[PDB]
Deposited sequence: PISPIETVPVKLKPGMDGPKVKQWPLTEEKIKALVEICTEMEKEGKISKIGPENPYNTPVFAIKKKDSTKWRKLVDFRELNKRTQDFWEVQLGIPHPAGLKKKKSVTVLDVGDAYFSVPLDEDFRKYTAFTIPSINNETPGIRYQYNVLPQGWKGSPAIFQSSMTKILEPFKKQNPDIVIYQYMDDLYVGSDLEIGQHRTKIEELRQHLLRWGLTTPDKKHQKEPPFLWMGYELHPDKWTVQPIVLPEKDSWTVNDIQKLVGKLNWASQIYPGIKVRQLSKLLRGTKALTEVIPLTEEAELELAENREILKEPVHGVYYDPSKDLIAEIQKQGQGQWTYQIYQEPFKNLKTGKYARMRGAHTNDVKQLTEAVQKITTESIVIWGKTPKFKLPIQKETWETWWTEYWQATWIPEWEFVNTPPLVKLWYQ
C-alpha cells in the first residue's frame, strides 16, 4: 500500500465548516473514541496552522450500547476530485432492486488499515468541542482512510474486490454493491440460512483484518421485493356526496398533470347547482362512464419517465398523521421514479422529528439500492427544529442533503 494520489477539485479550498454544539454525553464518548483512535495511529493531533474543519458527532445505533463516531464529510465530499481514474462509477447493480433479501454491512472499519495521502490529511481536520468553551477544542486529522469520505470506498475499491473474489466466484447469483461505508448483499433463500451464509462473507474480513476485536456484528436486513408502490387510486362508493365529488374532481384535476387522458367534464356536471356539501348526489351513467376511463388510465405507468444519472434526485415527504408518511422520488416534476408510504415507525409515536428522521434514512437507503445515489430532500419542518434534533435520532453512516418546505402543500390529500 502506502500510495494514494488524491487531491482537491481545481479551484476549491478545503472545508471550513463550523462544529455545532454537542451534549456532554457525546463529547465524552468522542473523547474516549478519539483517544483510542490516536493510540492506534488512526488520527493525530494538529496545530493552529490547519484552518480546515469538518463537523463531528456521536451516533448510538440501537444495535449496540456503545457510541459511534460520525464525521459529516458532506462539504469535503463535494470538494474532492471525482474518482474516475479508478472507475467511472461501477455500473449500479440493477439486480439489487430485484432481490428479496438485501442486507447491509458496515465495512467501514476495513478502511482504517489503508493509509491516507500525507498532503491530503489536512483537509480531514475535525474538532471535538468543549462545553461552554472552557477549553480549546481538541483537534485531530485523519491518517488513514476516514469513515464517511467519498475517497475511502474509491481508494479501497482495489482491495475490496480482492477480499470478495473468492466469495463472488463461490456464488455468482449473489450481487455485491458498495456505497460509502456500507456493503449491500442480496440473496434469495431462507432467512435462517441467510444469516449463516452472510456470516460466511463476514468472516472474510476477519481473516483479512488480522493480518474486543473490531469487526461486524449486525446486519440491517431489507426486502426490496416487498416494498411499497403507490399508484393513484380513486374511491369506490355506492352513494357520493357533493363533498365527495369535489375531492374526487380535485384529485383527478391534480392527476391530469401526470396523466393526459384524465377528463373531469362529466363529473363536474354532477355539481350543477349550489347544493349542501353533505347532500348525496346520484351519479349519472355519463359521469360514471368518465370515472371508469380515468380509473383505467391510472392503472398504466407514467408516460415518458426515465432516470438520468446526471441530474439530482429529489425526495419530498408529507406528514399524514398517526405515524403515516408519504414520499415521492423524482427528478422532473410529475415524473415520479418511486412513491411510497410508511405506516409505523420505531417508537416515536409521540415524537414527530424522530419519525421524519428515520423516514429520511429509509428513503435514502432505498435510493442507494435503486440508483446508488442519495437524493436531495424537501422536509416538512422548520429549519431550526430539524437542525436542533435530527442528530439525536440519526443512525446511518452517510448524510444526505435537504431543504425545508415552509408552505403547506395542497397535494397532501391526493397522496393520502
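Residues of the deposited sequence that lack C-alpha coordinates fall in the stretches 1 to 4, 216 to 223.
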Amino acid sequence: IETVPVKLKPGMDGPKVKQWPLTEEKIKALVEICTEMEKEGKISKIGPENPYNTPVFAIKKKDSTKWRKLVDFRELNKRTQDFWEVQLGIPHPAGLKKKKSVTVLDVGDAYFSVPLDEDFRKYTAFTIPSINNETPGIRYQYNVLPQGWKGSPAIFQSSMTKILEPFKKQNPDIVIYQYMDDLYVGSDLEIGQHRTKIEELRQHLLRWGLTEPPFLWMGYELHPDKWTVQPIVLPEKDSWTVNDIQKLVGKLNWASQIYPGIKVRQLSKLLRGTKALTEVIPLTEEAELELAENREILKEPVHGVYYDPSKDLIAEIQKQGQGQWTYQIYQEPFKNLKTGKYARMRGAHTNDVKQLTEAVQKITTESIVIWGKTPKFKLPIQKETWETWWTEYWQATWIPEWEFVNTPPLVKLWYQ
From here on, numbers count along this sequence of modelled residues.
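Superpose the two forms; the largest set of C-alphas matching within 1.5 Å is the rigid core.
Each structure in 6 other deposited structures of this protein is fitted to the shown form on the rigid core, and of 256 to 264 and 161 to 169 the C-alphas lie farther away on average for 256 to 264. Comparing the two stretches 245 to 253 and 324 to 332 by root mean square C-alpha distance in 6 other deposited structures of this protein, with all structures fitted on the core, the more displaced one is 245 to 253. When the other compared entries with both flanking residues are checked, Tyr123 is modelled in all of them, not unmodelled in a third.
Per the compared records, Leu210 is resolved in all of the other entries whose models span it, so no third of them omit it.
Per the PDB record, of the two stretches 45 to 53 and 379 to 387, 45 to 53 carries the greater mean B-factor over its C-alpha atoms. Annotation for 54 to 62 versus 25 to 33: the higher mean temperature factor (C-alpha) is found in 54 to 62. When the C-alpha B-factors of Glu85, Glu293, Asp238, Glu332 are read from the PDB record, the largest value belongs to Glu85.
Going by the entry's values, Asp173 shows the largest Cα B-factor out of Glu75, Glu134, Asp173, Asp308.
Looking at the C-alpha B-factors along this chain, the one for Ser187 belongs to the highest third.
Per-chain ranking of the deposited C-alpha B factor places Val360 in the lowest third. Among all modelled residues in this chain, the alpha-carbon of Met12 has a temperature factor (C-alpha) in the highest third. Per-chain ranking of the deposited C-alpha B factor places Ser152 in the middle third. Among all modelled residues in this chain, the alpha-carbon of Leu205 has a temperature factor (C-alpha) in the highest third.
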